[PDB]
>>> print(open('data_33.pdb').read())   # PDB, C-alpha atoms (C1' of nucleotides) and all ligand atoms
MODEL        1
ATOM      1  CA  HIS F   3      44.208-131.890 -96.675  1.00  0.00           C
ATOM      2  CA  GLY F   4      47.277-130.861 -98.649  1.00  0.00           C
ATOM      3  CA  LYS F   5      50.940-131.810 -98.561  1.00  0.00           C
ATOM      4  CA  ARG F   6      51.519-128.673 -96.455  1.00  0.00           C
ATOM      5  CA  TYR F   7      51.234-130.601 -93.209  1.00  0.00           C
ATOM      6  CA  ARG F   8      51.480-134.015 -94.836  1.00  0.00           C
ATOM      7  CA  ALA F   9      55.141-133.186 -95.231  1.00  0.00           C
ATOM      8  CA  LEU F  10      55.090-131.806 -91.673  1.00  0.00           C
ATOM      9  CA  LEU F  11      53.117-134.391 -89.655  1.00  0.00           C
ATOM     10  CA  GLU F  12      55.808-137.087 -89.475  1.00  0.00           C
ATOM     11  CA  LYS F  13      58.109-134.700 -87.572  1.00  0.00           C
ATOM     12  CA  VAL F  14      55.461-133.529 -85.057  1.00  0.00           C
ATOM     13  CA  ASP F  15      53.689-136.122 -82.964  1.00  0.00           C
ATOM     14  CA  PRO F  16      50.209-135.869 -81.346  1.00  0.00           C
ATOM     15  CA  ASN F  17      50.316-139.131 -79.326  1.00  0.00           C
ATOM     16  CA  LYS F  18      52.938-138.956 -76.494  1.00  0.00           C
ATOM     17  CA  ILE F  19      52.413-136.034 -74.098  1.00  0.00           C
ATOM     18  CA  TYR F  20      55.034-133.248 -74.299  1.00  0.00           C
ATOM     19  CA  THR F  21      56.161-130.187 -72.310  1.00  0.00           C
ATOM     20  CA  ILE F  22      56.449-126.552 -73.348  1.00  0.00           C
ATOM     21  CA  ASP F  23      60.139-125.636 -73.553  1.00  0.00           C
ATOM     22  CA  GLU F  24      61.069-128.589 -75.772  1.00  0.00           C
ATOM     23  CA  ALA F  25      57.865-128.270 -77.839  1.00  0.00           C
ATOM     24  CA  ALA F  26      57.866-124.444 -77.918  1.00  0.00           C
ATOM     25  CA  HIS F  27      60.657-123.868 -80.464  1.00  0.00           C
ATOM     26  CA  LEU F  28      58.933-125.647 -83.396  1.00  0.00           C
ATOM     27  CA  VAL F  29      55.939-123.288 -83.724  1.00  0.00           C
ATOM     28  CA  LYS F  30      57.329-121.091 -86.553  1.00  0.00           C
ATOM     29  CA  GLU F  31      58.889-124.038 -88.465  1.00  0.00           C
ATOM     30  CA  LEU F  32      55.674-126.094 -88.272  1.00  0.00           C
ATOM     31  CA  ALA F  33      53.774-123.443 -90.268  1.00  0.00           C
ATOM     32  CA  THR F  34      54.711-123.677 -93.962  1.00  0.00           C
ATOM     33  CA  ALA F  35      52.431-120.685 -94.593  1.00  0.00           C
ATOM     34  CA  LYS F  36      53.196-118.192 -97.344  1.00  0.00           C
ATOM     35  CA  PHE F  37      52.425-115.182 -95.167  1.00  0.00           C
ATOM     36  CA  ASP F  38      52.017-113.489 -91.826  1.00  0.00           C
ATOM     37  CA  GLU F  39      51.847-116.362 -89.321  1.00  0.00           C
ATOM     38  CA  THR F  40      49.926-115.567 -86.117  1.00  0.00           C
ATOM     39  CA  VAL F  41      50.409-118.430 -83.655  1.00  0.00           C
ATOM     40  CA  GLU F  42      47.581-119.522 -81.357  1.00  0.00           C
ATOM     41  CA  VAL F  43      48.006-122.175 -78.645  1.00  0.00           C
ATOM     42  CA  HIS F  44      44.937-123.211 -76.689  1.00  0.00           C
ATOM     43  CA  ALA F  45      43.313-125.632 -74.275  1.00  0.00           C
ATOM     44  CA  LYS F  46      39.716-126.154 -73.247  1.00  0.00           C
ATOM     45  CA  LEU F  47      38.577-125.992 -69.642  1.00  0.00           C
ATOM     46  CA  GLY F  48      36.593-128.066 -67.197  1.00  0.00           C
ATOM     47  CA  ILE F  49      34.030-125.438 -66.259  1.00  0.00           C
ATOM     48  CA  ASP F  50      30.373-125.709 -67.247  1.00  0.00           C
ATOM     49  CA  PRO F  51      29.551-122.763 -69.571  1.00  0.00           C
ATOM     50  CA  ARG F  52      25.813-123.415 -69.033  1.00  0.00           C
ATOM     51  CA  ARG F  53      26.090-121.125 -65.982  1.00  0.00           C
ATOM     52  CA  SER F  54      27.300-117.568 -66.509  1.00  0.00           C
ATOM     53  CA  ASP F  55      28.422-117.200 -62.879  1.00  0.00           C
ATOM     54  CA  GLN F  56      31.555-119.204 -63.775  1.00  0.00           C
ATOM     55  CA  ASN F  57      32.600-117.266 -66.906  1.00  0.00           C
ATOM     56  CA  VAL F  58      35.834-115.270 -67.332  1.00  0.00           C
ATOM     57  CA  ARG F  59      36.680-112.064 -69.259  1.00  0.00           C
ATOM     58  CA  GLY F  60      39.064-109.128 -69.544  1.00  0.00           C
ATOM     59  CA  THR F  61      41.584-107.334 -71.716  1.00  0.00           C
ATOM     60  CA  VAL F  62      45.227-107.915 -70.772  1.00  0.00           C
ATOM     61  CA  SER F  63      47.680-106.954 -73.508  1.00  0.00           C
ATOM     62  CA  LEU F  64      50.872-108.946 -73.943  1.00  0.00           C
ATOM     63  CA  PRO F  65      54.260-107.329 -73.133  1.00  0.00           C
ATOM     64  CA  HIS F  66      55.699-107.840 -76.632  1.00  0.00           C
ATOM     65  CA  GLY F  67      52.865-106.174 -78.558  1.00  0.00           C
ATOM     66  CA  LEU F  68      50.150-107.040 -81.060  1.00  0.00           C
ATOM     67  CA  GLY F  69      52.326-106.812 -84.182  1.00  0.00           C
ATOM     68  CA  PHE F 163      40.475-113.784 -73.192  1.00  0.00           C
ATOM     69  CA  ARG F 164      36.889-115.065 -73.334  1.00  0.00           C
ATOM     70  CA  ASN F 165      35.265-118.495 -72.963  1.00  0.00           C
ATOM     71  CA  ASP F 166      32.604-119.734 -75.381  1.00  0.00           C
ATOM     72  CA  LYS F 167      29.354-121.588 -74.674  1.00  0.00           C
ATOM     73  CA  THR F 168      31.073-124.920 -75.427  1.00  0.00           C
ATOM     74  CA  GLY F 169      33.740-124.326 -72.760  1.00  0.00           C
ATOM     75  CA  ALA F 170      37.024-123.953 -74.689  1.00  0.00           C
ATOM     76  CA  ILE F 171      39.547-121.099 -74.825  1.00  0.00           C
ATOM     77  CA  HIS F 172      41.082-119.068 -77.659  1.00  0.00           C
ATOM     78  CA  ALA F 173      43.371-116.013 -77.891  1.00  0.00           C
ATOM     79  CA  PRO F 174      45.906-114.423 -80.286  1.00  0.00           C
ATOM     80  CA  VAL F 175      49.469-114.146 -78.950  1.00  0.00           C
ATOM     81  CA  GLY F 176      50.835-111.848 -81.680  1.00  0.00           C
ATOM     82  CA  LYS F 177      52.012-111.671 -85.303  1.00  0.00           C
ATOM     83  CA  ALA F 178      54.807-113.335 -87.340  1.00  0.00           C
ATOM     84  CA  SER F 179      57.310-111.183 -85.522  1.00  0.00           C
ATOM     85  CA  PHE F 180      58.672-112.977 -82.470  1.00  0.00           C
ATOM     86  CA  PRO F 181      61.212-115.805 -83.187  1.00  0.00           C
ATOM     87  CA  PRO F 182      61.262-119.504 -82.178  1.00  0.00           C
ATOM     88  CA  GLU F 183      63.479-119.355 -79.069  1.00  0.00           C
ATOM     89  CA  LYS F 184      61.857-116.437 -77.233  1.00  0.00           C
ATOM     90  CA  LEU F 185      58.504-118.151 -76.710  1.00  0.00           C
ATOM     91  CA  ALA F 186      59.600-120.319 -73.790  1.00  0.00           C
ATOM     92  CA  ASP F 187      59.350-116.830 -72.234  1.00  0.00           C
ATOM     93  CA  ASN F 188      56.013-116.005 -73.941  1.00  0.00           C
ATOM     94  CA  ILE F 189      54.532-119.558 -73.890  1.00  0.00           C
ATOM     95  CA  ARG F 190      54.339-119.473 -70.078  1.00  0.00           C
ATOM     96  CA  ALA F 191      53.409-115.765 -70.128  1.00  0.00           C
ATOM     97  CA  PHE F 192      49.693-115.512 -70.960  1.00  0.00           C
ATOM     98  CA  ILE F 193      49.081-119.072 -69.725  1.00  0.00           C
ATOM     99  CA  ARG F 194      49.557-117.752 -66.156  1.00  0.00           C
ATOM    100  CA  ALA F 195      47.154-114.848 -66.785  1.00  0.00           C
ATOM    101  CA  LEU F 196      44.349-117.404 -67.315  1.00  0.00           C
ATOM    102  CA  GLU F 197      44.336-119.052 -63.894  1.00  0.00           C
ATOM    103  CA  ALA F 198      44.130-115.603 -62.277  1.00  0.00           C
ATOM    104  CA  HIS F 199      40.394-115.410 -63.033  1.00  0.00           C
ATOM    105  CA  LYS F 200      39.814-119.186 -62.765  1.00  0.00           C
ATOM    106  CA  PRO F 201      36.404-119.562 -61.058  1.00  0.00           C
ATOM    107  CA  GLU F 202      35.984-121.016 -57.568  1.00  0.00           C
ATOM    108  CA  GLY F 203      32.802-123.075 -58.078  1.00  0.00           C
ATOM    109  CA  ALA F 204      34.439-124.474 -61.216  1.00  0.00           C
ATOM    110  CA  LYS F 205      34.877-128.237 -60.887  1.00  0.00           C
ATOM    111  CA  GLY F 206      37.596-130.437 -62.338  1.00  0.00           C
ATOM    112  CA  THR F 207      41.088-130.244 -63.762  1.00  0.00           C
ATOM    113  CA  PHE F 208      41.051-127.074 -65.830  1.00  0.00           C
ATOM    114  CA  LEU F 209      43.836-126.712 -68.345  1.00  0.00           C
ATOM    115  CA  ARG F 210      43.138-130.047 -69.970  1.00  0.00           C
ATOM    116  CA  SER F 211      44.859-130.556 -73.312  1.00  0.00           C
ATOM    117  CA  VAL F 212      46.868-127.607 -74.618  1.00  0.00           C
ATOM    118  CA  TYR F 213      47.902-128.358 -78.195  1.00  0.00           C
ATOM    119  CA  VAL F 214      50.508-125.936 -79.538  1.00  0.00           C
ATOM    120  CA  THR F 215      49.199-124.711 -82.877  1.00  0.00           C
ATOM    121  CA  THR F 216      49.046-121.740 -85.252  1.00  0.00           C
ATOM    122  CA  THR F 217      46.329-120.498 -87.544  1.00  0.00           C
ATOM    123  CA  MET F 218      48.331-122.571 -90.062  1.00  0.00           C
ATOM    124  CA  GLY F 219      49.218-125.587 -87.967  1.00  0.00           C
ATOM    125  CA  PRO F 220      48.856-128.938 -86.266  1.00  0.00           C
ATOM    126  CA  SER F 221      47.797-130.977 -83.269  1.00  0.00           C
ATOM    127  CA  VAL F 222      50.815-131.556 -81.001  1.00  0.00           C
ATOM    128  CA  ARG F 223      50.736-132.334 -77.286  1.00  0.00           C
ATOM    129  CA  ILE F 224      52.269-129.833 -74.863  1.00  0.00           C
ATOM    130  CA  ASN F 225      52.234-129.560 -71.083  1.00  0.00           C
ATOM    131  CA  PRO F 226      50.694-126.313 -69.758  1.00  0.00           C
ATOM    132  CA  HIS F 227      53.535-126.053 -67.216  1.00  0.00           C
ATOM    133  CA  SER F 228      56.872-127.853 -67.819  1.00  0.00           C
TER
ATOM    134  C1'   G P   1      25.931-107.329 -97.891  1.00  0.00           C
ATOM    135  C1'   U P   2      19.185-106.440 -95.068  1.00  0.00           C
ATOM    136  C1'   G P   3      19.476-109.715 -90.282  1.00  0.00           C
ATOM    137  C1'   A P   4      23.704-108.636 -86.455  1.00  0.00           C
ATOM    138  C1'   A P   5      27.829-114.731 -87.008  1.00  0.00           C
ATOM    139  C1'   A P   6      31.641-115.286 -91.914  1.00  0.00           C
ATOM    140  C1'   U P   7      31.689-118.737 -95.411  1.00  0.00           C
ATOM    141  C1'   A P   8      40.311-119.745 -96.394  1.00  0.00           C
ATOM    142  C1'   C P   9      44.443-123.558 -94.696  1.00  0.00           C
ATOM    143  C1'   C P  10      43.801-124.659 -89.446  1.00  0.00           C
ATOM    144  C1'   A P  11      43.837-126.497 -84.656  1.00  0.00           C
ATOM    145  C1'   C P  12      40.919-126.548 -79.826  1.00  0.00           C
ATOM    146  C1'   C P  13      35.715-127.856 -78.430  1.00  0.00           C
ATOM    147  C1'   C P  14      29.490-128.709 -78.851  1.00  0.00           C
ATOM    148  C1'   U P  15      25.645-132.266 -80.696  1.00  0.00           C
ATOM    149  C1'   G P  16      24.110-136.682 -82.860  1.00  0.00           C
ATOM    150  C1'   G P  17      26.459-140.980 -86.470  1.00  0.00           C
ATOM    151  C1'   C P  18      29.533-144.575 -88.265  1.00  0.00           C
ATOM    152  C1'   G P  19      34.637-146.550 -88.362  1.00  0.00           C
ATOM    153  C1'   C P  20      38.944-149.009 -85.756  1.00  0.00           C
ATOM    154  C1'   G P  21      41.015-150.074 -81.229  1.00  0.00           C
ATOM    155  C1'   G P  22      41.643-149.925 -75.507  1.00  0.00           C
ATOM    156  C1'   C P  23      39.255-151.469 -70.873  1.00  0.00           C
ATOM    157  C1'   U P  24      34.579-153.929 -71.756  1.00  0.00           C
ATOM    158  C1'   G P  25      29.158-154.871 -69.443  1.00  0.00           C
ATOM    159  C1'   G P  26      24.650-157.755 -71.598  1.00  0.00           C
ATOM    160  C1'   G P  27      22.300-161.334 -74.777  1.00  0.00           C
ATOM    161  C1'   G P  28      21.962-165.853 -78.243  1.00  0.00           C
ATOM    162  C1'   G P  29      23.702-170.546 -80.514  1.00  0.00           C
ATOM    163  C1'   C P  30      26.581-174.765 -80.972  1.00  0.00           C
ATOM    164  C1'   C P  31      30.439-178.065 -78.576  1.00  0.00           C
ATOM    165  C1'   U P  32      32.367-181.595 -74.250  1.00  0.00           C
ATOM    166  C1'   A P  33      35.652-182.441 -70.853  1.00  0.00           C
ATOM    167  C1'   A P  34      34.090-180.412 -65.268  1.00  0.00           C
ATOM    168  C1'   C P  35      29.282-181.564 -62.659  1.00  0.00           C
ATOM    169  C1'   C P  36      24.599-184.689 -62.826  1.00  0.00           C
ATOM    170  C1'   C P  37      21.825-189.056 -64.524  1.00  0.00           C
ATOM    171  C1'   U P  38      22.350-193.782 -66.859  1.00  0.00           C
ATOM    172  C1'   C P  39      24.436-198.289 -69.372  1.00  0.00           C
ATOM    173  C1'   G P  40      24.710-207.167 -67.862  1.00  0.00           C
ATOM    174  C1'   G P  41      29.865-204.315 -70.135  1.00  0.00           C
ATOM    175  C1'   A P  42      32.836-199.203 -68.124  1.00  0.00           C
ATOM    176  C1'   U P  43      40.964-196.193 -68.123  1.00  0.00           C
ATOM    177  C1'   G P  44      34.383-196.735 -71.898  1.00  0.00           C
ATOM    178  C1'   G P  45      29.255-195.858 -74.127  1.00  0.00           C
ATOM    179  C1'   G P  46      24.509-192.882 -74.052  1.00  0.00           C
ATOM    180  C1'   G P  47      21.694-188.612 -72.009  1.00  0.00           C
ATOM    181  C1'   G P  48      21.618-183.484 -69.598  1.00  0.00           C
ATOM    182  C1'   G P  49      25.494-179.997 -69.672  1.00  0.00           C
ATOM    183  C1'   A P  50      28.746-175.416 -68.121  1.00  0.00           C
ATOM    184  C1'   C P  51      22.903-175.158 -66.973  1.00  0.00           C
ATOM    185  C1'   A P  52      21.602-177.956 -62.562  1.00  0.00           C
ATOM    186  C1'   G P  53      23.759-179.217 -57.797  1.00  0.00           C
ATOM    187  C1'   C P  54      26.881-177.599 -53.875  1.00  0.00           C
ATOM    188  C1'   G P  55      30.153-173.201 -51.125  1.00  0.00           C
ATOM    189  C1'   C P  56      30.405-167.678 -49.760  1.00  0.00           C
ATOM    190  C1'   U P  57      27.490-163.559 -50.441  1.00  0.00           C
ATOM    191  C1'   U P  58      22.620-160.172 -51.855  1.00  0.00           C
ATOM    192  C1'   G P  59      17.836-158.683 -51.378  1.00  0.00           C
ATOM    193  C1'   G P  60      12.848-160.797 -50.968  1.00  0.00           C
ATOM    194  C1'   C P  61       8.382-163.925 -49.577  1.00  0.00           C
ATOM    195  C1'   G P  62       7.975-166.374 -45.088  1.00  0.00           C
ATOM    196  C1'   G P  63       2.518-168.414 -38.176  1.00  0.00           C
ATOM    197  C1'   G P  64       5.468-173.863 -41.229  1.00  0.00           C
ATOM    198  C1'   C P  65       8.352-172.861 -36.438  1.00  0.00           C
ATOM    199  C1'   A P  66      10.509-169.655 -32.196  1.00  0.00           C
ATOM    200  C1'   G P  67      10.689-165.899 -28.445  1.00  0.00           C
ATOM    201  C1'   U P  68       7.518-162.348 -26.577  1.00  0.00           C
ATOM    202  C1'   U P  69       4.316-157.796 -26.222  1.00  0.00           C
ATOM    203  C1'   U P  70      -0.771-157.105 -25.935  1.00  0.00           C
ATOM    204  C1'   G P  71      -1.005-150.113 -20.096  1.00  0.00           C
ATOM    205  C1'   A P  72      -3.408-148.130 -15.802  1.00  0.00           C
ATOM    206  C1'   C P  73      -7.983-145.814 -13.320  1.00  0.00           C
ATOM    207  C1'   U P  74     -12.481-148.333 -12.398  1.00  0.00           C
ATOM    208  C1'   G P  75     -18.243-148.595  -6.445  1.00  0.00           C
ATOM    209  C1'   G P  76     -16.023-156.458  -9.459  1.00  0.00           C
ATOM    210  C1'   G P  77     -14.004-157.145 -14.480  1.00  0.00           C
ATOM    211  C1'   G P  78     -15.124-156.281 -19.529  1.00  0.00           C
ATOM    212  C1'   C P  79     -17.644-152.688 -22.697  1.00  0.00           C
ATOM    213  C1'   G P  80     -17.838-147.299 -22.441  1.00  0.00           C
ATOM    214  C1'   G P  81     -15.184-142.985 -20.500  1.00  0.00           C
TER
HETATM  215 MG    MG C   1      23.653-178.997 -76.539  1.00  0.00          MG
HETATM  216 MG    MG C   2      28.835-186.731 -73.045  1.00  0.00          MG
HETATM  217 MG    MG C   3      30.100-192.318 -67.148  1.00  0.00          MG
HETATM  218 MG    MG C   4      30.173-190.087 -70.024  1.00  0.00          MG
HETATM  219 MG    MG C   5      26.270-185.358 -75.832  1.00  0.00          MG
HETATM  220 MG    MG C   6      25.933-173.069 -61.383  1.00  0.00          MG
HETATM  221 MG    MG C   7       3.287-168.042 -32.089  1.00  0.00          MG
HETATM  222 MG    MG C   8       5.806-162.408 -39.338  1.00  0.00          MG
HETATM  223 MG    MG C   9      -0.404-165.018 -25.343  1.00  0.00          MG
HETATM  224 MG    MG C  10      -7.058-153.024 -13.872  1.00  0.00          MG
HETATM  225 MG    MG C  11     -15.485-145.541  -6.591  1.00  0.00          MG
HETATM  226 MG    MG C  12     -20.439-152.321  -5.861  1.00  0.00          MG
HETATM  227 MG    MG C  13     -17.555-152.556 -14.362  1.00  0.00          MG
HETATM  228 MG    MG C  14     -11.383-149.125 -22.915  1.00  0.00          MG
ENDMDL
END
>>> encode(input="data_33.pdb", output="structure tokens")
Amino acid sequence: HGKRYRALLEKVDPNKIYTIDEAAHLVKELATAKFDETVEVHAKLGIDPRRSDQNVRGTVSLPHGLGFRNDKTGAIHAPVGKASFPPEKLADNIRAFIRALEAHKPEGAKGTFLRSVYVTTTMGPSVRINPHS
RNA sequence: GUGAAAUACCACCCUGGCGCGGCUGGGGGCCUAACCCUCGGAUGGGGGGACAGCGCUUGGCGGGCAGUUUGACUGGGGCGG
């Protein structure tokens, strides 16, 4: 890689599990990008994609504005916006969409579901965050 | 742009691979000091050796033994029915 996140990886730690509100505020400072940062935080899920009965879909737009689908490998992705929103508001938006997921969580789906959510951007790292606290 | 999927820095995952480490399971070899055998001698020497033996536990083979079962009707009983 470059020195983009080799300047930035000694301040942000993947090893020791973290929670949202303390690890939420660093998402715009962790991206050294030149342009237009669109943050994406994600976790994979414990449902077997090999059966379509357990899949999940929809379109639910976020309150704040532009600026959910599971794959066949069983992870989850979604855009939360554009550069736009600041660092301290996302404790409000970092628990926002994350509670729209579990709405359509399947019943015959087996296992702990939000597994490892790593707060990231298009431009950014692996850092542990709790889905809840 | 004629394949529908886009060839960026990223993370989050699939599949096989190596790499380190964490809990590890399995194999091999050598060693002696437990344990076993032995030695005119021994707090020692030689041999076998963590096997074997012995305890607890697992499943198996098991008339060598043990306890028993092996029906009634019936022109006697069995055989047949
Ligand atoms: Mg030897
Ligand atoms: Mg010896
Ligand atoms: Mg001796
Ligand atoms: Mg000896
Ligand atoms: Mg020897
Ligand atoms: Mg033994
Ligand atoms: Mg008998
Ligand atoms: Mg018998
Ligand atoms: Mg008899
Ligand atoms: Mg009779
Ligand atoms: Mg008669
Ligand atoms: Mg008669
Ligand atoms: Mg008769
Ligand atoms: Mg008869």
>>> atom_distance(input="data_33.pdb", atom1="atom CA of residue F:4", atom2="atom CA of residue F:29")
18.8 Å
>>> residues_around(input="data_33.pdb", residues="residue F:38", least_positions_apart="6", cutoff="12 Å", atoms="all atoms listed in the file", output="list in words")
residues 30, 69, 176, 177, 178, 179, 180, 216, 217 and 218 of chain F
>>> interface_residues(input="data_33.pdb", of="chain F", to="chain P", cutoff="9 Å", atoms="all atoms listed in the file", output="compact mmCIF listing (two decimals) with C-alpha atoms, in the frame of the given file")
# COMPACT_ATOMS: atom_id res chain seq x y z
CA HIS F 3 44.21 -131.89 -96.68
CA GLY F 4 47.28 -130.86 -98.65
CA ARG F 6 51.52 -128.67 -96.46
CA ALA F 35 52.43 -120.68 -94.59
CA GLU F 42 47.58 -119.52 -81.36
CA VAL F 43 48.01 -122.18 -78.64
CA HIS F 44 44.94 -123.21 -76.69
CA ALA F 45 43.31 -125.63 -74.28
CA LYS F 46 39.72 -126.15 -73.25
CA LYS F 167 29.35 -121.59 -74.67
CA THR F 168 31.07 -124.92 -75.43
CA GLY F 169 33.74 -124.33 -72.76
CA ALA F 170 37.02 -123.95 -74.69
CA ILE F 171 39.55 -121.10 -74.82
CA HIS F 172 41.08 -119.07 -77.66
CA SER F 211 44.86 -130.56 -73.31
CA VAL F 212 46.87 -127.61 -74.62
CA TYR F 213 47.90 -128.36 -78.19
CA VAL F 214 50.51 -125.94 -79.54
CA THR F 215 49.20 -124.71 -82.88
CA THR F 216 49.05 -121.74 -85.25
CA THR F 217 46.33 -120.50 -87.54
CA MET F 218 48.33 -122.57 -90.06
CA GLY F 219 49.22 -125.59 -87.97
CA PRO F 220 48.86 -128.94 -86.27
CA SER F 221 47.80 -130.98 -83.27
>>> residues_near_ligand(input="data_33.pdb", ligand="ligand MG 3 (chain C)", cutoff="12 Å", atoms="only C-alpha atoms (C1' of nucleotides) and all ligand atoms", output="MDAnalysis selection string")
chainID P and resid 33 35:39 42:47
>>> residues_near_point(input="data_33.pdb", point="(55.0, -135.1, -90.1)", cutoff="12 Å", atoms="all atoms listed in the file", output="ChimeraX atom specification")
/F:5-16,31-33,219-222
>>> closest_residue(input="data_33.pdb", among="P:22, P:55, P:1, P:29", to="ligand MG 6 (chain C)", atoms="only C-alpha atoms (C1' of nucleotides) and all ligand atoms")
P:55
>>> residues_near_ligand(input="data_33.pdb", ligand="ligand MG 7 (chain C)", cutoff="12 Å", atoms="only C-alpha atoms (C1' of nucleotides) and all ligand atoms", output="PDB file with C-alpha atoms (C1' of nucleotides), in the coordinates of the input")
ATOM      1  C1'   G P  63       2.518-168.414 -38.176  1.00  0.00           C
ATOM      2  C1'   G P  64       5.468-173.863 -41.229  1.00  0.00           C
ATOM      3  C1'   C P  65       8.352-172.861 -36.438  1.00  0.00           C
ATOM      4  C1'   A P  66      10.509-169.655 -32.196  1.00  0.00           C
ATOM      5  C1'   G P  67      10.689-165.899 -28.445  1.00  0.00           C
ATOM      6  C1'   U P  68       7.518-162.348 -26.577  1.00  0.00           C
ATOM      7  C1'   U P  69       4.316-157.796 -26.222  1.00  0.00           C
TER       8        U P  69
END
>>> atom_distance(input="data_33.pdb", atom1="atom CA of residue F:187", atom2="atom CA of residue F:224")
15.0 Å
>>> closest_residue(input="data_33.pdb", among="F:61, F:17, F:207, F:188", to="residue F:47", atoms="only C-alpha atoms")
F:207
>>> closest_residue(input="data_33.pdb", among="P:5, P:61, P:23, P:75", to="ligand MG 12 (chain C)", atoms="all atoms listed in the file")
P:75
>>> residues_around(input="data_33.pdb", residues="residue F:192", least_positions_apart="4", cutoff="9 Å", atoms="all atoms listed in the file", output="PyMOL selection string")
chain F and resi 62+64+175+188+196
>>> write_last_selection(input="data_33.pdb", atoms="C-alpha atoms", output="mmCIF file, in the frame of the given file")
data_model
loop_
_atom_site.group_PDB
_atom_site.id
_atom_site.type_symbol
_atom_site.label_atom_id
_atom_site.label_comp_id
_atom_site.auth_asym_id
_atom_site.auth_seq_id
_atom_site.Cartn_x
_atom_site.Cartn_y
_atom_site.Cartn_z
ATOM 1 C CA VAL F 62 45.227 -107.915 -70.772
ATOM 2 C CA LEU F 64 50.872 -108.946 -73.943
ATOM 3 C CA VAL F 175 49.469 -114.146 -78.950
ATOM 4 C CA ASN F 188 56.013 -116.005 -73.941
ATOM 5 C CA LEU F 196 44.349 -117.404 -67.315
#
>>> closest_residue(input="data_33.pdb", among="F:184, F:166, F:26, F:226", to="residue F:49", atoms="all atoms listed in the file")
F:166
>>> closest_atom_pairs(input="data_33.pdb", of="chain P", to="ligand MG 6 (chain C)", cutoff="8 Å", atoms="all atoms listed in the file", output="CSV")
residue,atom,partner,partner_atom,distance
P:50,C1',C:MG6,MG,7.7
P:51,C1',C:MG6,MG,6.7
P:52,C1',C:MG6,MG,6.6
P:53,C1',C:MG6,MG,7.4
>>> atom_distance(input="data_33.pdb", atom1="atom CA of residue F:195", atom2="atom CA of residue F:20")
21.4 Å
>>> build_atoms(input="data_33.pdb", residues="stretch 54-69 of chain F", atoms="N, CA and C atoms", output="compact mmCIF listing (two decimals), in the coordinates of the input")
# COMPACT_ATOMS: atom_id res chain seq x y z
N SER F 54 26.49 -118.75 -66.25
CA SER F 54 27.30 -117.57 -66.51
C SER F 54 28.08 -117.12 -65.28
N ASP F 55 27.71 -117.60 -64.09
CA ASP F 55 28.42 -117.20 -62.88
C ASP F 55 29.89 -117.59 -62.95
N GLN F 56 30.21 -118.64 -63.69
CA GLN F 56 31.56 -119.20 -63.78
C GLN F 56 32.36 -118.71 -64.99
N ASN F 57 31.87 -117.72 -65.73
CA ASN F 57 32.60 -117.27 -66.91
C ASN F 57 33.77 -116.36 -66.51
N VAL F 58 34.57 -115.99 -67.52
CA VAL F 58 35.83 -115.27 -67.33
C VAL F 58 36.04 -114.31 -68.51
N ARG F 59 36.49 -113.08 -68.22
CA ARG F 59 36.68 -112.06 -69.26
C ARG F 59 37.83 -111.13 -68.88
N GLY F 60 38.15 -110.22 -69.80
CA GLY F 60 39.06 -109.13 -69.54
C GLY F 60 39.80 -108.74 -70.81
N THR F 61 40.59 -107.67 -70.70
CA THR F 61 41.58 -107.33 -71.72
C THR F 61 42.92 -107.13 -71.02
N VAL F 62 43.86 -108.04 -71.25
CA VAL F 62 45.23 -107.92 -70.77
C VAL F 62 46.14 -108.04 -71.99
N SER F 63 46.82 -106.95 -72.34
CA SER F 63 47.68 -106.95 -73.51
C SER F 63 49.03 -107.57 -73.17
N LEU F 64 49.61 -108.25 -74.15
CA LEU F 64 50.87 -108.95 -73.94
C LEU F 64 52.03 -107.94 -73.91
N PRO F 65 53.12 -108.27 -73.19
CA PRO F 65 54.26 -107.33 -73.13
C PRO F 65 54.87 -107.00 -74.49
N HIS F 66 54.95 -107.98 -75.39
CA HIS F 66 55.70 -107.84 -76.63
C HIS F 66 54.96 -107.05 -77.71
N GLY F 67 53.64 -106.98 -77.64
CA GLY F 67 52.86 -106.17 -78.56
C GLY F 67 52.07 -107.02 -79.54
N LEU F 68 51.03 -106.38 -80.10
CA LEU F 68 50.15 -107.04 -81.06
C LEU F 68 50.92 -107.48 -82.30
N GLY F 69 51.56 -106.53 -82.98
CA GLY F 69 52.33 -106.81 -84.18
C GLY F 69 52.15 -105.78 -85.28
